[PDB]
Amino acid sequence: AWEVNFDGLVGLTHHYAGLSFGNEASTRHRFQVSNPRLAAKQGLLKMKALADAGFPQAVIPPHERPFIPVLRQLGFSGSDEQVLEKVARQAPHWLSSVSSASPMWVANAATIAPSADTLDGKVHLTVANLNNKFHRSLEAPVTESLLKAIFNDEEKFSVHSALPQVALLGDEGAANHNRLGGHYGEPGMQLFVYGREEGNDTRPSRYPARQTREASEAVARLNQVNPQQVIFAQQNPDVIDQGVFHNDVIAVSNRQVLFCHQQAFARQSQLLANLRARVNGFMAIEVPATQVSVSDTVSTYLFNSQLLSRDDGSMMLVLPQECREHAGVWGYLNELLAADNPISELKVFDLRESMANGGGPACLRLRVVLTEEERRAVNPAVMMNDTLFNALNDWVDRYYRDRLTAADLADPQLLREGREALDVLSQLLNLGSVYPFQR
């Protein structure tokens, strides 16, 4: 089995609305001008570079945006364009909420269970409700349709609907998930990280804890994860209060390694010890606050890196350009590179558009371990290669603007462009009529 990366193709309504309290990047860049075309191309370049380097790469399409059905649910009626106009004038803030390209961060799309960890031997995917943020909670229904259109062989894949939409069951998916072990194909140890749980007072006081333990346990159940291969750990409330809104902003796993900050978890010593006694050859690379502060981790996203495995067993860290621009962080990463451990190469990518909204390399990808047989069962139209890379770039040049602001979301033209764009894209990716506007 190999770990295949599925990246989100940035949607054409990508803009900065500062909709995520707790996500300092989102808040900080509120109202800045975005570049949808550049954002999409930046992500496609990373996808292609990794694919050309031999790492299985795939793509997940953007959603229908602006999403008029939700506006109708909010009390606005008439034709699509009439609704758009009514809202732009009466409640413009709702326009932004239904026009976010947020589904691009597929690390939040679902939680994956490789067939080696499940009871029925199938690959399980449970859609994340993303209930904490309204603009993201809207994603689940379409994300479910997309996942079923991509992992469409029901004999090999089981897609489960998102958990009930309530704070008690807040779920953010793979971004709070981890998998440790030997080769990807062997049964692994799944680590679910949460920010709060009922009956526990240890919880953030400034920024919200989007993930609840209750949600994580339900996901573990849905994905039929062997109860002996599961472990739940609470994120350090202090780091969440400093900007770590998902575990992937403070820690990342791969094979036998867990690269994390010293302040990542609550009861960190106990967790590492438990993992040490349950995962053969487990190695924890812990970054001390003296070399990298929590504040520096949040601004650089060094932990939102992709930790890849090369054929020699050595690893490569995929990082956002901000890690190279911060003296202290670039210095540490190179110390790590030279240090005696699995990390033997650093790879940097420019994902400025995504980072401006709090999403780095890892946020843009969803890791799915697949056996040779299961890989062939995936919709081949979404697997990255020269043909898809060129087709997607041409598609982006045809429909994306190199400039967008919240004010442009009221442009009925943008609406029109987006519909046609997604119509063609669903054809290119052999997804069928997966979008609501297509039914």
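So that there is no doubt, residue numbering starts at 1 and follows the sequence shown.
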query: Mean C-alpha B-factor comparison - 398-406 and 35-43, higher one; finding: 398-406
query: Given 82-90 and 293-301, the range whose Cα B-factors average higher in the PDB entry; finding: 82-90
query: Most elevated Cα B-factor in the entry, residues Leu119, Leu169, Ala362, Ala109; finding: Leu119
query: Maximum C-alpha temperature factor, selected from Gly173, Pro208, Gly281, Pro320; finding: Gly281
query: Assigned third (lowest, middle, highest) for the C-alpha B factor of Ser102; finding: lowest
query: Where the record places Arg416 (Cα B-factor, split into thirds across the chain); finding: highest
query: Cα B factor band for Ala266 (lowest, middle or highest third within the chain); finding: highest
query: Third of the chain, ranked by Cα B-factor, where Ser26 sits; finding: lowest
query: Chain third (lowest, middle, highest) by recorded CA B-factor, residue given as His135; finding: lowest
